[PDB]
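**Student:** Okay, handing you the structure first.
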Amino acid sequence: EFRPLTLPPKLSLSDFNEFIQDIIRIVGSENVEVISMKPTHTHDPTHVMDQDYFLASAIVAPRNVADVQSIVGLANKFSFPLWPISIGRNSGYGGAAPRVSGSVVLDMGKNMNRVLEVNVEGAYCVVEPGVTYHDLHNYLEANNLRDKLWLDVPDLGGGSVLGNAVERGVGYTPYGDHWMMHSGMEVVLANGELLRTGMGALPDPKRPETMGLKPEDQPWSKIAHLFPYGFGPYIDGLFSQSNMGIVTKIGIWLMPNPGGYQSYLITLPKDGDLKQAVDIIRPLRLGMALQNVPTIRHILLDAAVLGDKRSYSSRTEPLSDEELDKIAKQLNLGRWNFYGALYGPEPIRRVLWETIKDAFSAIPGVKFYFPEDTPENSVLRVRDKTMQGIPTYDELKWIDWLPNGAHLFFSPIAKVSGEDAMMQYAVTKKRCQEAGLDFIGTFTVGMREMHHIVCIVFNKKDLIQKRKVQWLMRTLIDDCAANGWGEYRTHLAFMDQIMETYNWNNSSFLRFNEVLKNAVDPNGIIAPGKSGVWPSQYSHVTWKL
Amino acid sequence: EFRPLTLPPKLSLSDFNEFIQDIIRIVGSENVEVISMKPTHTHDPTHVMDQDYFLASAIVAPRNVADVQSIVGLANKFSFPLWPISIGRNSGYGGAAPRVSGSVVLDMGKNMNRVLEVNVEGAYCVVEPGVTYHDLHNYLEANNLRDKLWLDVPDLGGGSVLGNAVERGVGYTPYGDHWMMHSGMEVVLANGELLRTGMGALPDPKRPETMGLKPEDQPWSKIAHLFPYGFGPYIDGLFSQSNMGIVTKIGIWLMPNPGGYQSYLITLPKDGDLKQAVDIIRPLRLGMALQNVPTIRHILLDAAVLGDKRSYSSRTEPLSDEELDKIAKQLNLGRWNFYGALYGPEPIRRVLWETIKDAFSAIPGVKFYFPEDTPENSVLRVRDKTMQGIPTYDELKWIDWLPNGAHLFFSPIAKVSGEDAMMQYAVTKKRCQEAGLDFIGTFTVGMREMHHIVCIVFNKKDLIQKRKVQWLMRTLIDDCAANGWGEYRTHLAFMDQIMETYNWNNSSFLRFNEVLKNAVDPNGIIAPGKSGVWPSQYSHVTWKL
Amino acid sequence: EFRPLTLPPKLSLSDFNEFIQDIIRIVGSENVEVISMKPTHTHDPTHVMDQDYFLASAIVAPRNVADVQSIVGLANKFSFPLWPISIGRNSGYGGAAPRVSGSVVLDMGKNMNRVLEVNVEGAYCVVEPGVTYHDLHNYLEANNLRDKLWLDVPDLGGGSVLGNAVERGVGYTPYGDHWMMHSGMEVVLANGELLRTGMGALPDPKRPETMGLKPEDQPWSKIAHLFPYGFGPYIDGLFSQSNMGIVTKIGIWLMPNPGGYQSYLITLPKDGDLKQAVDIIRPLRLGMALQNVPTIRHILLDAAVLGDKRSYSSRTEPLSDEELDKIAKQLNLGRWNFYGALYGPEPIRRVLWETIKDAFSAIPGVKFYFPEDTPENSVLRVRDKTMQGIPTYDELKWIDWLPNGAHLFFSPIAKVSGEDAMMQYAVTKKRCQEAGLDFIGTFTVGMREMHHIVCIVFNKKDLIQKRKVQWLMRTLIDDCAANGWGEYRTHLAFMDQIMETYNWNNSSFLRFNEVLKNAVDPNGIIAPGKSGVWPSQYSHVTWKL
Ligand SMILES: Nc1ncnc2c1ncn2[C@@H]1O[C@H](COP(=O)(O)OP(=O)(O)O)[C@@H](O)[C@H]1O
Ligand SMILES: Nc1ncnc2c1ncn2[C@@H]1O[C@H](COP(=O)(O)OP(=O)(O)O)[C@@H](O)[C@H]1O
Ligand SMILES: Nc1ncnc2c1ncn2[C@@H]1O[C@H](COP(=O)(O)OP(=O)(O)O)[C@@H](O)[C@H]1O
């Protein structure tokens with residue numbers, strides 16, 4: 001196709017058309033769309049910034065790994081920035097929009113979709129960009145693996161198993177640290193060469209049956225997916241949250257059925273009980289009584305699953321402290337809410353669960369519930385499935401808090417300390433108030449840290465509110481940095497600002513990242529700007545936000 | 001000082017003297033030795049290869065981080081190769097010897113020795129190259145932390161905590177994977193700049209009390225040592241087993257007192273019981289009943305702790321199958337021996353321990369022992385301390401199997417499958433026999449993989465056996481690669497050979513590693529040859545073994 | 001001389017000795033000191049930071065312009081950084097200390113001292129780095145020019161006329177903006193070539209008498225010092241506050257005797273009268289009734305001229321609001337104090353003076369005084385000489401507020417609005433209080449802006465207070481930048497911080513300045529780091545504060 005709305009930097013319309021005809025000749029016109037449930041792949045959907053920002057020139061869906069290698073070849077020939085996606089469902093981080101306009105979004109999921117291998121004795125699977133969590137689930141159920149191996153799913157199930165893992169997301173089971181469960185990844189580099197990490201570099205020995213296969217299609221050696229380190233430099237991490245390569249395949253470890261499961265809910269009556277609760281959770285997480293990643297939800301998070309804002313009030317301004325208590329009562333929930341789960345034989349569960357209850361009993365008016373003790377529509381019923389690896393679509397109901405809601409995640413990290421968590425909550429709560437927004441968030445409990453997801457929801461068509469959201473977001477980044485907290489992940493417009501936060505010793509961390517990226521991507525064609533890392537041909541003065 | 005035995009590549013004697021006076025003027029003459037319990041820092045002690053190989057030109061001991069920076073400056077000025085060590089105690093991997101002769105060994109432990117911080121609520125410590133495991137142990141005992149926080153120690157306690165962790169060593173408690181317990185490292189790069197990884201890049205906010213401190217001496221932000229990922233590319237792994245930078249500081253996560261501990265021994269009668277034992281260990285490790293990294297030791301390993309070869313036989317050739325049985329009997333051990341430990345409240349221990357015993361009960365003649373049930377000198381008494389983080393010097397007795405023994409480790413990885421373990425064991429036992437050596441080894445049980453340490457012991461003054469040792473080693477490397485197994489770590493003379501083994505898709509892995517190294521070390525002065533990775537100014541033709 | 005405490009970056013001790021013998025052979029040993037009233041030229045005197053910072057390696061005093069050229073030649077040969085000073089008296093901005101250690105301080109005032117020309121019909125003088133204000137004063141008195149031409153002096157008379165003017169200082173007469181009174185500068189560039197700006201580039205026509213003179217010693221054409229622009233790019237400003245060249249000569253415009261002079265003092269009773277006073281000053285300055293640069297001083301500034309802190313109180317903590325009032329009373333001054341002066345025939349003076357008094361009459365309890373109406377020791381008696389171009393040493397008494405006081409200037413710019421002045425004053429007063437220091441300062445009234453000098457005084461030997469001083473300074477810098485105010489000049493340790501504040505559109509300003517500097521100084525030997533501007537061979541990671 002012929003005339004895009006936006007062309008990549010320095011490229012003519014003629015160059016653009018020559019390229020597209022070349023890609024069209026490789027992957028078929030059906031896998032190449034030019035911009036002149038069903039996630040968009042062309043633009044930021046959770047519009048926060050405006051037009052001209054994050055708009056692709058074309059979407060290209062490779063049929064396979066070779067196609068990715070030919071498309072890289074052509075980006076290097078023509079100097080065309082690529083933006084690689086697996087699914088593009090996470091609006092809030094900007095969905096599939098490219099950081100620089102004119103990029104070709106590389107839809108890896110449309111055709112490279114295969115569950116490559118589910119290995120029972122090793123307790124791992126091997127996956128392509130396109131396998132969503134739902135797909136891996138159906139894959140297990142149709143092969144009888146449901147009662148031998150379990151999954152680990154993020155709050156919504158349509159995300160991509162490999163996508164989520166390379167961006168380092170978190171799940172709610174004992175295997176919740178996705179990135180930490182990977183072993184043996186296949187990558188297409190900026191030069192177009194194929195590379196496999198860890199024991200993935202140790203080739204499967206020759207055998208009659210696997211002779212002549214292209215590299216991509218070759219099997220892996222036996223320890224590829226059982227031991228992540230291989231030998232020498234462990235380079236895997238240069239591929240999480242980076243623009244250093246295009247991830248084509250990845251092995252993720254699966255937790256075998258524990259032969260015992262019980263999910264639960266602990267309600268904390270007062271807004272201020274977060275402090276003692278977090279002090280209670282600390283020793284228990286560090287001492288292993290708490291098996292999975294346990295979450296601490298704010299009342300409106302559960303509230304919004306169950307109903308939009310108009311369904312709880314007419315106010316257009318933020319609900320008050322009073323109303324929040326009334327919503328809590330209405331649903332039988334607390335002001336803050338702890339969800340977690342017990343895994344294993346009954347005899348073990350029991351002891352953990354008597355220790356847990358025992359510890360949270362020191363908070364007045366605390367209340368303990370199993371799924372069964374709660375309403376049909378309850379979050380616990382839904383989360384009962386989430387913490388045993390079963391994927392759902394339920395919790396997506398909160399996105400619709402406001403009418404034409406769009407949301408963004410402000411995601412700082414806090415210590416596992418009541419004092420620290422109350423301090424971080426205060427800073428976010430003031431600012432959310434100052435912007436006219438309800439504060440909505442969760443804390444997901446890591447072993448020695450807490451991931452705090454603040455869900456800023458607003459009206460995608462309101463010029464005034466989007467600017468308040470832009471002002472909120474950048475002010476929270478600074479406030480949080482002035483209190484020694486940093487974000488673990490953000491949307492395309494805050495990458496630069498968040499990377500500037502990690503400036504110890506005059507930006508040593510980013511300088512060093514710059515070196516690695518110009519070395520391996522001399523034309524700077526693999527996602528310029530991802531995480532605020534820019535190749536030399538992209539002037540900081542021109543591109544940073 | 002004036003005239004070294006060996007000078008670094010292309011450097012004159014005049015250049016060399018100029019440099020050395022410069023370094024002497026920076027760190028004092030007492031910290032600079034020229035080569036013209038108490039580990040050697042000048043040469044490979046476990047002589048395998050011959051003279052001219054792995055011989056330093058000088059040892060240099062920085063007083064602090066500034067001193068490492070100035071020494072890097074002068075290596076880039078003069079083009080002098082540095083070989084950075086922490087302790088240099090691991091003969092068998094080549095102790096502190098440099099891969100290229102003429103290098104200056106950088107002894108980082110002599111002066112940069114401090115336990116920087118032991119934080120209890122966060123359950124981490126922060127350390128300098130010089131803190132040995134014994135040192136961190138005494139640090140805890142002198143501040144009352146012994147009944148709050150425990151360590152994780154490798155079979156010998158004199159190694160370096162950070163050294164062991166960047167090299168990716170393994171311990172025998174639940175926090176056994178050292179590298180995976182790190183968070184927040186300080187690195188001096190080849191350009192001379194200081195760099196802190198993950199949340200170590202997010203600076204501590206300004207305060208009156210920490211103003212004006214040098215970068216090196218600044219505190220870290222609060223999540224520095226609690227969340228390892230930070231934001232963007234996770235680059236940490238580029239510093240493990242690499243020549244990418246000089247590690248100055250590191251934070252390691254400490255496991256709090258579990259309020260319950262029981263160590264144990266399960267003796268396996270027959271040489272062939274390894275196969276069923278490994279099939280039994282598989283589900284139990286994967287289902288979490290086995291809490292620590294359990295070990296499976298061969299009879300001579302325990303034999304050798306207790307006594308030299310002469311003390312069990314006059315024979316000069318390898319002991320036979322029959323004699324091995326007799327030795328087993330003599331000590332009350334099996335042919336293979338499983339060591340492990342139960343952590344936690346009694347109610348929990350008990351259920352794990354009934355599941356463990358139950359499962360190993362299917363192996364005829366199996367026998368279960370607690371420390372107390374065994375002789376004063378037993379290994380289990382020693383290992384009872386090892387599996388609770390208490391360091392010792394006991395197991396070092398085996399190095400003396402033979403008279404003027406030196407040892408080397410042949411270190412392949414196997415599946416956690418009886419079948420695979422028996423196959424690897426066969427390949428290693430034949431080859432050791434063909435070289436006239438006793439087979440001595442362990443398997444340390446990872447979650448989905450086993451680390452197989454074969455301990456090749458020989459006479460360091462015997463020309464004929466050293467060569468058989470070199471022949472064993474390189475044949476094992478190939479044999480193992482022909483069966484799909486790679487090594488996780490080796491001595492200076494096998495580094496090129498083992499890297500060549502990870503050659504999938506025509507050496508992609510090492511090619512990509514060469515790009516990163518030349519980018520960040522344009523003069524190639526940081527440890528040329530580590531892991532088989534060579535900067536461009538070191539001809540492969542000239543330097544590879 | 002042989003062995004300095006600190007050597008410039010990358011330079012050997014042998015190189016250093018070679019250079020120094022070369023310079024010694026050019027200017028004589030009496031003009032070259034090696035570091036192994038009477039201002040120091042070797043280190044920061046108003047110690048704030050610590051050792052190793054801002055320490056010269058040698059002081060070099062050229063005999064003349066040729067000598068500066070040869071010294072530039074040798075800095076480019078050896079790559080040695082030069083730090084050019086004129087006088088070095090301004091402790092508080094760091095006196096003559098170099099921004100990078102190992103630099104050679106180039107003392108230009110010791111020998112290049114001459115009053116080159118005082119031209120009456122043109123009403124200008126032409127000067128070398130060494131002419132201090134006292135010196136130009138005595139020059140005028142010895143040639144009868146005292147009743148024809150007047151000077152313009154900064155609060156202390158010992159600074160350098162050209163030095164003060166390239167740094168853009170301010171005086172208290174109608175010709176108060178020093179930099180704006182220059183015309184025709186002679187510069188030695190980093191390549192070593194001599195350059196004369198504006199009509200200084202248009203050469204004096206040949207004549208018998210000026211044939212054969214070196215460039216440096218040639219006369220200037222007739223408009224050289226009467227029209228500053230010349231033709232084409234006006235480049236003059238590249239030499240103010242910059243590291244673009246070494247200023248050798250400069251022409252400054254002198255204001256002829258106005259035939260009428262009356263200096264005065266307007267005392268403002270209350271701490272809050274600053275607000276109405278600044279609103280009163282606004283129209284009057286803008287409408288030209290206020291002839292000179294009037295000043296508005298805080299009570300302790302005048303207090304401190306007259307006596308140390310101990311002489312007003314025993315207190316070690318900051319004096320209170322109440323005590324300030326009592327001090328005001330004791331001296332017959334207000335809380336704030338406005339100094340100014342009427343120039344010109346009596347008929348004109350009188351009308352300005354009735355308009356001035358009239359306007360300030362709306363501030364209750366206001367009091368008007370001429371010199372004669374005040375005590376012998378009063379500030380107005382001193383400032384009566386200051387506002388007619390007569391230099392003094394009097395006001396230097398305040399430096400001794402505290403015992404072993406050192407001071408630093410925090411120098412922001414504010415609008416000429418009572419509201420803005422009170423807001424800036426608040427921000428600075430809180431912070432000084434939080435550091436335990438007395439707030440001391442002035443506002444010097446530009447035509448449409450105010451220069452606010454906050455004088456931070458502290459004990460140069462107190463580790464704890466120096467750090468509070470470093471904390472104050474950097475917090476003030478940010479606070480002020482968060483309120484839209486920038487600093488106009490700072491000490492060596494805040495240069496990077498203050499430049500980072502002028503970062504509109506991702507640091508465009510400094511990026512563009514980096515381009516000009518690398519173009520003209522390819523070896524980066526002219527004052528690396530001045531104003532936060534660093535040549536390419538000075539890693540930002542390594543050198544920024
Ligand atoms: N296969 C891949 N290779 C490299 N980067 C990838 C790959 N897949 C995803 N990414 C990255 O992950 C980011 C998140 O996108 P995505 O895969 O669409 O999320 P999700 O599956 O959580 O909806 C993309 O912006 C891109 O940076
Ligand atoms: N601080 C460090 N920075 C970089 N590499 C290091 C550092 N310390 C040790 N090493 C690496 O670790 C290897 C193992 O050495 P060493 O510390 O002496 O072992 P141990 O502590 O097991 O005795 C060295 O050869 C080098 O590869
Ligand atoms: N001739 C000159 N050429 C270039 N820069 C100069 C020259 N003289 C002074 N400077 C600059 O002016 C700054 C102020 O120094 P100085 O002359 O010692 O101050 P003062 O006269 O106020 O005591 C120096 O640090 C340097 O930045």
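Chain lettering (A, B, ...) mirrors the order of the structure tokens, residue numbering begins at 1 for each chain separately, and ligand numbering begins at 1 in order of display.
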Taking only C-alpha atoms into account, what are the residues of chain B at most 7 Å from chain A, put as a short mmCIF file (atom, residue, chain, number, x, y, z; two decimals) with C-alpha atoms, in the first residue's frame?
**Tutor:**
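Generated file (result-v5.cif):
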data_model
loop_
_atom_site.label_atom_id
_atom_site.label_comp_id
_atom_site.auth_asym_id
_atom_site.auth_seq_id
_atom_site.Cartn_x
_atom_site.Cartn_y
_atom_site.Cartn_z
CA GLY B 122 14.78 -6.69 54.86
CA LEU B 195 27.69 1.56 38.14
CA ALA B 201 20.51 3.03 40.14
CA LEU B 202 17.67 4.88 41.92
CA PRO B 203 19.62 7.13 44.23
CA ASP B 204 19.06 7.68 47.94
CA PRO B 205 17.36 11.12 48.24
CA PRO B 215 29.79 7.83 44.75
CA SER B 221 18.01 3.79 48.03
CA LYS B 222 15.60 1.68 50.17
CA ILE B 223 14.57 -1.00 47.63
CA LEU B 226 14.98 -5.89 48.09
CA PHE B 227 14.04 -5.86 44.38
CA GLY B 230 14.92 -1.93 38.81
CA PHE B 231 13.60 -0.61 35.46
CA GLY B 232 14.54 -1.43 31.82
CA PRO B 233 17.23 -3.94 30.82
CA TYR B 234 18.24 -6.25 33.64
CA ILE B 235 22.01 -6.25 33.05
CA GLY B 237 23.93 -11.27 34.54
CA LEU B 238 26.48 -9.59 32.27
CA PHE B 239 28.63 -9.48 35.41
CA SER B 240 28.37 -13.20 36.40
CA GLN B 241 31.12 -15.42 34.95
CA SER B 242 32.22 -12.59 32.74
CA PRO B 256 15.69 -15.80 58.55
CA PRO B 258 13.04 -20.95 60.47
CA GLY B 287 6.68 -30.67 44.75
CA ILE B 348 5.58 -29.29 59.13
CA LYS B 415 18.50 -34.04 34.18
CA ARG B 448 14.91 -29.32 37.66
CA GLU B 449 18.56 -30.13 37.07
CA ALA B 482 28.03 -35.69 22.48
CA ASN B 483 25.39 -36.77 25.03
CA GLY B 484 23.80 -33.32 25.28
CA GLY B 486 27.30 -28.88 29.20
CA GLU B 487 29.63 -27.75 32.00
CA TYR B 488 28.58 -24.92 34.32
CA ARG B 489 32.08 -23.79 35.27
CA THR B 501 30.69 -26.61 23.20
CA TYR B 502 27.98 -23.90 23.41
CA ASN B 503 28.11 -23.37 19.61
CA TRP B 504 24.51 -23.71 18.47
CA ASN B 505 23.86 -21.92 15.13
CA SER B 508 25.98 -17.19 17.88
CA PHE B 509 26.22 -17.07 21.68
CA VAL B 515 30.25 -7.56 20.54
CA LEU B 516 29.28 -6.55 24.08
CA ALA B 519 31.90 -2.22 23.04
CA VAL B 520 32.50 -1.74 26.75
CA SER B 531 34.98 -17.81 29.83
#
**Student:** Might you pull out every residue within 10 Å of residue 280 in chain B, with only C-alpha atoms counted and same-chain residues fewer than 4 positions away left off, and present them as a ChimeraX atom specification?
**Tutor:** /B:274-276,284-285,356,359-360,362-363,416-418
**Student:** Keeping only C-alpha atoms, write the selected residues as a CSV table (one decimal), in the first residue's frame.
**Tutor:**
chain,number,residue,atom,x,y,z
B,274,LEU,CA,21.5,-44.0,42.2
B,275,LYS,CA,19.0,-44.6,39.4
B,276,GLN,CA,16.0,-45.2,41.6
B,284,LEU,CA,9.8,-34.5,45.8
B,285,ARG,CA,12.1,-31.7,44.7
B,356,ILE,CA,10.7,-38.5,52.4
B,359,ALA,CA,9.6,-42.7,49.3
B,360,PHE,CA,13.1,-43.9,49.9
B,362,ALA,CA,11.3,-48.7,48.2
B,363,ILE,CA,15.1,-49.0,47.9
B,416,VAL,CA,16.9,-35.0,37.5
B,417,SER,CA,16.2,-38.5,36.0
B,418,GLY,CA,17.7,-41.8,37.2
**Student:** Step one, run DSSP on the backbone; step two, keep only residues of range 38-114 of chain A assigned to alpha helix (DSSP H); then write them as a list in words.
**Tutor:**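 Put together, the selection reads residues 65, 66, 67, 68, 69, 70, 71, 72, 73, 74, 75, 76, 77 and 78 of chain A.
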**Student:** What lies within 9 Å of range 41-50 of chain A using only C-alpha atoms, ignoring chain neighbours under 2 positions off, as a PyMOL selection string?
**Tutor:** chain A and resi 35+39+52-59+85+87-88+91-98+105+107+405-408+460-461+466-467+469-470+492-493
**Student:** Could those residues be written to a file, using N, CA, C and O atoms, as a tab-separated table (two decimals), in the first residue's frame?
**Tutor:**
chain	number	residue	atom	x	y	z
A	35	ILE	N	-1.39	2.03	7.57
A	35	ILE	CA	-2.34	2.97	8.18
A	35	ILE	C	-2.35	4.27	7.40
A	35	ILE	O	-1.40	5.03	7.44
A	39	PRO	N	-7.82	-6.06	20.12
A	39	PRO	CA	-6.95	-4.95	20.50
A	39	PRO	C	-6.44	-4.20	19.27
A	39	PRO	O	-6.17	-4.87	18.27
A	52	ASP	N	-0.22	12.20	16.58
A	52	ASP	CA	1.13	12.28	16.03
A	52	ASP	C	2.04	11.43	16.92
A	52	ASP	O	3.08	11.00	16.47
A	53	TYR	N	1.62	11.23	18.17
A	53	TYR	CA	2.35	10.44	19.13
A	53	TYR	C	1.91	8.98	19.00
A	53	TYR	O	0.76	8.65	18.87
A	54	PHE	N	2.87	8.09	19.09
A	54	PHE	CA	2.76	6.65	19.12
A	54	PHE	C	1.87	6.03	18.06
A	54	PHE	O	1.13	5.05	18.26
A	55	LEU	N	2.01	6.52	16.83
A	55	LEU	CA	1.19	6.03	15.72
A	55	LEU	C	2.00	5.26	14.70
A	55	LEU	O	2.87	5.77	14.01
A	56	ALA	N	1.74	3.98	14.52
A	56	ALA	CA	2.47	3.13	13.59
A	56	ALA	C	2.25	3.58	12.16
A	56	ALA	O	1.22	4.21	11.91
A	57	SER	N	3.11	3.15	11.26
A	57	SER	CA	2.89	3.41	9.84
A	57	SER	C	2.23	2.18	9.22
A	57	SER	O	1.42	2.32	8.29
A	58	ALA	N	2.57	0.99	9.69
A	58	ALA	CA	2.04	-0.25	9.18
A	58	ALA	C	2.13	-1.34	10.24
A	58	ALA	O	2.92	-1.24	11.19
A	59	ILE	N	1.33	-2.38	10.12
A	59	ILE	CA	1.40	-3.47	11.10
A	59	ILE	C	1.90	-4.63	10.24
A	59	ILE	O	1.41	-4.65	9.11
A	85	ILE	N	5.59	-6.61	18.92
A	85	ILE	CA	4.63	-6.94	19.96
A	85	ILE	C	4.24	-8.44	19.94
A	85	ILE	O	4.34	-9.13	18.92
A	87	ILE	N	1.08	-9.57	21.92
A	87	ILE	CA	-0.39	-9.49	21.89
A	87	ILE	C	-0.94	-8.06	21.83
A	87	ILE	O	-1.88	-7.75	21.07
A	88	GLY	N	-0.42	-7.12	22.57
A	88	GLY	CA	-0.79	-5.73	22.56
A	88	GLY	C	-2.07	-5.44	23.35
A	88	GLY	O	-2.73	-4.42	23.10
A	91	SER	N	-3.37	-2.02	27.41
A	91	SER	CA	-3.68	-0.58	27.39
A	91	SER	C	-3.35	-0.14	28.81
A	91	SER	O	-3.53	-0.95	29.76
A	92	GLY	N	-2.72	1.00	29.03
A	92	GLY	CA	-2.38	1.23	30.48
A	92	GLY	C	-0.85	1.24	30.54
A	92	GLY	O	-0.24	1.82	31.43
A	93	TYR	N	-0.27	0.60	29.54
A	93	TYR	CA	1.16	0.57	29.31
A	93	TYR	C	1.32	1.00	27.85
A	93	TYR	O	2.41	1.28	27.37
A	94	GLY	N	0.16	1.20	27.22
A	94	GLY	CA	0.07	1.76	25.89
A	94	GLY	C	-0.23	0.76	24.81
A	94	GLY	O	-0.05	1.01	23.62
A	95	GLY	N	-0.67	-0.42	25.21
A	95	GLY	CA	-1.00	-1.44	24.23
A	95	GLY	C	0.15	-1.59	23.24
A	95	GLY	O	1.34	-1.46	23.58
A	96	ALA	N	-0.19	-1.87	21.98
A	96	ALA	CA	0.84	-2.12	20.99
A	96	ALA	C	1.42	-0.89	20.32
A	96	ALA	O	2.22	-1.08	19.39
A	97	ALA	N	1.08	0.33	20.72
A	97	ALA	CA	1.61	1.51	20.05
A	97	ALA	C	3.12	1.55	20.14
A	97	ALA	O	3.69	1.18	21.18
A	98	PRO	N	3.77	1.99	19.08
A	98	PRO	CA	5.21	2.14	19.02
A	98	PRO	C	5.69	3.41	19.72
A	98	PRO	O	4.99	4.42	19.62
A	105	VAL	N	4.67	-1.74	13.39
A	105	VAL	CA	4.45	-2.66	14.53
A	105	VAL	C	4.63	-4.09	14.02
A	105	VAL	O	4.10	-4.41	12.95
A	107	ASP	N	3.62	-7.61	14.57
A	107	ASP	CA	2.63	-8.46	15.26
A	107	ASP	C	3.11	-9.90	15.26
A	107	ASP	O	2.81	-10.65	14.33
A	405	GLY	N	-13.78	5.36	29.93
A	405	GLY	CA	-12.57	5.19	30.69
A	405	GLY	C	-11.45	4.60	29.84
A	405	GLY	O	-11.58	3.83	28.90
A	406	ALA	N	-10.28	5.06	30.22
A	406	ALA	CA	-8.99	4.58	29.77
A	406	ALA	C	-8.23	4.55	31.12
A	406	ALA	O	-8.69	5.23	32.04
A	407	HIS	N	-7.20	3.74	31.24
A	407	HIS	CA	-6.50	3.78	32.53
A	407	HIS	C	-5.01	3.76	32.21
A	407	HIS	O	-4.67	3.48	31.08
A	408	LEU	N	-4.21	4.04	33.21
A	408	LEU	CA	-2.78	4.01	33.09
A	408	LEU	C	-2.33	3.46	34.45
A	408	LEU	O	-2.99	3.81	35.41
A	460	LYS	N	-11.16	9.25	28.24
A	460	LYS	CA	-10.35	9.38	27.03
A	460	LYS	C	-10.68	10.50	26.05
A	460	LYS	O	-9.86	10.78	25.16
A	461	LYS	N	-11.81	11.17	26.20
A	461	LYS	CA	-12.22	12.24	25.31
A	461	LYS	C	-12.17	13.62	25.96
A	461	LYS	O	-12.37	14.65	25.33
A	466	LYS	N	-7.43	14.60	30.71
A	466	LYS	CA	-6.21	13.94	30.22
A	466	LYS	C	-4.98	14.73	30.67
A	466	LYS	O	-4.04	14.12	31.21
A	467	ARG	N	-5.02	16.06	30.62
A	467	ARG	CA	-3.94	16.89	31.10
A	467	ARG	C	-3.72	16.81	32.60
A	467	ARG	O	-2.61	16.84	33.13
A	469	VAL	N	-4.33	14.07	34.10
A	469	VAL	CA	-3.69	12.75	34.22
A	469	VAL	C	-2.22	12.84	33.88
A	469	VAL	O	-1.41	12.31	34.66
A	470	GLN	N	-1.90	13.62	32.84
A	470	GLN	CA	-0.49	13.83	32.52
A	470	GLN	C	0.19	14.56	33.66
A	470	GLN	O	1.27	14.12	34.02
A	492	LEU	N	4.50	4.30	27.36
A	492	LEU	CA	5.37	4.96	26.43
A	492	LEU	C	5.73	6.42	26.71
A	492	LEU	O	6.87	6.85	26.43
A	493	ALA	N	4.83	7.25	27.24
A	493	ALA	CA	5.16	8.66	27.45
A	493	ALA	C	5.94	8.95	28.72
A	493	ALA	O	6.36	10.11	28.95
**Student:** In Å, rounded to a single decimal, give me how far CA of residue 393 in chain A is from CA of residue 137 in chain A.
**Tutor:**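 Separation of CA of residue 137 in chain A and CA of residue 393 in chain A: 13.3 Å.
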**Student:** Got a sec to tell me which of range 216-405 of chain B DSSP assigns to strand (DSSP E), as a VMD selection string?
**Tutor:** chain B and resid 245 to 253 255 to 256 261 to 268 295 to 298 336 to 343 367 to 369 405
**Student:** Please check which protein, DNA or RNA residues sit within 6 Å of ligand 1, counting only C-alpha atoms and all ligand atoms, and write them as a list in words.
**Tutor:** residues 84, 85, 86, 87, 88, 89, 90, 96, 129, 159, 160, 163, 164, 167, 245, 246, 247 and 248 of chain A
**Student:** Just the residues within 9 Å of residue 78 in chain C, please, counting only C-alpha atoms, with nothing from its chain fewer than 6 positions along; format it as a PyMOL selection string.
**Tutor:** chain C and resi 11+15-16+19
